[PDB]
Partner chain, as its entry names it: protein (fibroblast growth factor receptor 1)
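Taking the form solved without the partner chain, here's one chain by itself in structure tokens.
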């Protein structure tokens, strides 16, 4: 493609929690389709199942509700009931350590999945390489 191909180690067999180093929040997909982050590890909407379409391309689904993480045309994250092209993310390693997710549908603009220090999701255009907001650490459930 038009991006590097350094991939993170690990597999997709088990669901995971995506911990964002920015404010220490776990990515969360609420039932109402809202996406944000919470520090509460017992939350039932932070358990995410990642699966790969093609190598380096993944879907991120909440095991609790079955919703797929998706980014709209204006760069906002939301939970989609069905796995369409806007639910695909390029899963890449960053700084030889973290996981980052670029919206495939908007990869030319580098719109990343990201969380602010206050736990609210960042809007695509507002994300950039170099921010802690886009840096995630996957933890097995």
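Residue numbers count along the first chain shown, from 1.
Same protein, other form: the form solved in complex with the partner chain, not shown, and the subject of what follows.
Inset, instruction - Consider residue 98 of the chain shown here, and say whether it contacts the partner chain in the deposited bound form, taking contact as heavy atoms within 4.5 Å. - result: Residue 98 belongs to the contact set for the partner chain.
Self-check item: Partner contact for residue 107 in the deposited bound form: the partner chain, 4.5 angstroms, heavy atom
Solution: Taking the distances in the deposited bound form, the answer for residue 107 is no, it never comes within 4.5 Å of the partner chain.
Any of the heavy atoms of residue 54 lying within 4.5 Å of the partner chain in the deposited bound form? So residue 54 counts as contacting the partner chain.
Heavy atom to heavy atom, is residue 58 within 4.5 Å of the partner chain in the deposited bound form? Yes, residue 58 sits close enough to the partner chain in the deposited bound form that at least one of its heavy atoms falls within 4.5 Å.
Query raised in the report: Quick one: which residues from 66 to 82 get a non-hydrogen atom within 4.5 Å of the partner chain in the deposited bound form?
Result: Result: empty, none.
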